[PDB]
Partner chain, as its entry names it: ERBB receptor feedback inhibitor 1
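For reference, the chain that follows is the form deposited without the partner chain, supplied as structure tokens.
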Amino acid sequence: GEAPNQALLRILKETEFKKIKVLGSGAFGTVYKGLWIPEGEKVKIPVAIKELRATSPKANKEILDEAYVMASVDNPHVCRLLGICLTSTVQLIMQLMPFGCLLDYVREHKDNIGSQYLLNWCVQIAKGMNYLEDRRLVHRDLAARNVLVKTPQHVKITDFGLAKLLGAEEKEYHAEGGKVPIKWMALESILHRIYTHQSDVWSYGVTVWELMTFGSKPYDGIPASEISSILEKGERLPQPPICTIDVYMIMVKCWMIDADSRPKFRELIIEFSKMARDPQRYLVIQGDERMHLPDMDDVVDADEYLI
């Protein structure tokens, strides 16, 4: 029942790209801002380069798994892997997203973020997630931190590090114990290590909550061990001040105990899209009207660089 995965994995010469400056640091890897020039193509492509420290064979296995997933996705609302460089250190080359992660963007820019941007971001994430479902991909780590901003107008889902691809036959994926973001997790996943597209939907609800609260941490001041019981009791994240009941009810649905009664991503696209048509009706934000948000000769965005 499973179709062949015919995605190309592109191997890139080290010489083809130059790191310009560091973006983020981890012992495991450091992401770099960079320029990519395909050999003799006359284009420059802004990129983010993730290269691992001097690191374990296991570390190299995980990075390759990430590369496999990223190579296999092509959607406007998903980040895609441009290629990999097989140096002494393995490097993932990705499209640069100039405005960084969405979680940082909302926190930084709250005073200038209108209802239209929020509702639109919600539609875009739903579109990306729906695409992943079409691809039978369960992301397993959806969060504001894992959404990137190409422009304030355009966002893409990222971080396929925990991402798992379902067999056509099998709905659910059962996970060996590993470090997890409980606060974004569905209850069934927390209790049983069970992940589904519907479980992704619970995560989406939390992500929406994060955007509506302009980057607040969910269940702040509460230990992860506690969270499972709290949900069991029936506690849920509080309605955000900007949110109307219409928006909030959607989040609540995402957090329902019965996974099937939760909304489909395709539905989420429809509902948010209607709201986006008249944003002030569904999100109440002070001063909504006033706010506005944002050799290079041969530079081309990755989205415009095809094969």
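Positions refer to the first chain, counted from 1.
Counting the unmodelled positions of the deposited sequence between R53 and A54 gives a small gap of 1 to 3 residues.
In this entry, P294 is separated from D295 by 10 or more residues of the deposited sequence that have no coordinates. In this entry, 23 to 31 shows the higher mean Cα temperature factor of the pair 246 to 254 and 23 to 31. Mean CA B-factor, 126 to 134 versus 194 to 202: the higher value falls on 194 to 202. Between the residues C85, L96, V180, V155, it is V180 that shows the highest Cα B-factor in the PDB record.
Across the options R277, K42, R262, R266, the residue with the most elevated CA B-factor in the record is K42. When the CA B factors of the chain's modelled residues are split into thirds, the value for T207 lands in the lowest one. Among the modelled residues of the chain, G167 sits in the highest third by CA temperature factor in this PDB entry.
The PDB entry assigns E62 a C-alpha temperature factor belonging to the highest third of its chain's modelled residues. In the PDB entry, a CA B factor belonging to the lowest third of its chain's modelled residues is recorded for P46. When the CA B factors of the chain's modelled residues are split into thirds, the value for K233 lands in the highest one.
In what follows, reference is made to the form deposited with the partner chain bound, a form of this protein that is not presented.
Contact check for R236: a heavy atom falls within 4.5 Å of the partner chain in the deposited bound form.
Proximity of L231 to the partner chain in the deposited bound form falls within the 4.5 Å heavy atom cutoff. Heavy atoms of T196 never reach within 4.5 Å of the partner chain in the deposited bound form, leaving it off the interface. Heavy atoms of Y204 never reach within 4.5 Å of the partner chain in the deposited bound form, leaving it off the interface.
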